[PDB]
Amino acid sequence: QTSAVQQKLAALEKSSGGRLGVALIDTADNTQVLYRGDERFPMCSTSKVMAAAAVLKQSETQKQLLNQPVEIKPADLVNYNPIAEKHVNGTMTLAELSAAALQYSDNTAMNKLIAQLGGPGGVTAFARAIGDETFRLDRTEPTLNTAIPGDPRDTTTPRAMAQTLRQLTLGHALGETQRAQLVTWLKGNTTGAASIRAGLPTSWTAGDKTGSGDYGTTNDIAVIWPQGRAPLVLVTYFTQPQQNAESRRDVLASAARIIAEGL
Ligand SMILES: *[B]([O])([O])[C][N]C(=O)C1=C(O[C][C])[C]=[C]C2=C1[C]=[C][C]=[C]2
């Protein structure tokens, strides 16, 4: 069946010229709204949530892990490292790397999280351990953002990512302290105001992680606390046919606005 909301998302997609994927979980009743919910999309930096969560899980049995120093060398810098560059020839703790990766989308920080987990497959392994059979991380930064159409590397589906974000931020995939820490990091994100958040009523609060890559890939995954109702989990993925396409955060805001108006 096709709902009014799905029809509106299709119209938005048609006018955008790209491919849009949406997955909403409304925890007020556990219902879901999906648009291309089972198609694969390149995650780009939204994958950093899985990596930070995997490290949080390891910290449940190692009380001092988050305070563990990790060396940052000149050779570790990649294409975007706003936080890590300040620490070259120095160190960053795993908590500092997680916060930098999540709140500023630092790529060097993400690579340190991936390394701590034993490589991209370590992130995938954690996803499997928490019930996500779809997610796959195959490469490090910055190549995991190539976002080539048809390429299965570093992809997931909106349905799977929404389910996983719910389990991580509202459920019990992580211990209570770690869940709280992940939510605190997401709510402190600095990069999301033009994405999902721009399509929501101003009174609502939320935590999110954005993603950007080639083929104008523009992503955002969010946990949302609407005014007067149970939380929502929303994933909005968008990718375009040309490698050098421009970013379209407004399309994500438009998708979020349609979802909100459909409540
Ligand atoms: B994540 O998606 O925020 C990290 N993204 C990238 O490193 C990246 C961007 O985003 C600027 C931070 C734009 C275009 C790219 C990127 C990586 C590889 C190819 C193209």
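All values below were derived from every heavy atom in this structure, side-chain atoms included, with hydrogens, water molecules and symmetry-related copies excluded. First listed ligand is number 1; within each ligand, the first listed atom is number 1. We count residues from 1, following the sequence as given.
- For the side chain to side chain donor-acceptor pair (under 3.5 Å) test, no residue two or more places apart in sequence or in another chain qualifies with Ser98.
- Residues forming a salt bridge (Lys or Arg N to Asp or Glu O under 4.0 Å) with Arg153 (at least two apart in sequence, or on another chain): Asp151.
- Of the inter-residue distances, the one linking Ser254 atom OG with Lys8 atom NZ reads 13.5 Å to the nearest 0.5 angstrom.
- Protein residues having a heavy atom under 4.0 Å from any atom of ligand 1 are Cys44, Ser45, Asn79, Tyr80, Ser105, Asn107, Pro142, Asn145, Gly211, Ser212, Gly213, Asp214, listed by chain and number.
- For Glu60, the CD atom counts as densely surrounded, since its 6.0 Å shell holds more than 12 non-hydrogen atoms of other residues, nucleotides or ligands.
- Pairs engaging residues 208-218 under the salt bridge (charged side-chain N to carboxylate O under 4.0 Å, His left out) rule: none recorded [sequence neighbours left out].
- Screening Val22, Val5, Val33 against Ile258 for a side-chain contact (heavy atoms from CB on, under 4.5 Å) leaves a single residue, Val5.
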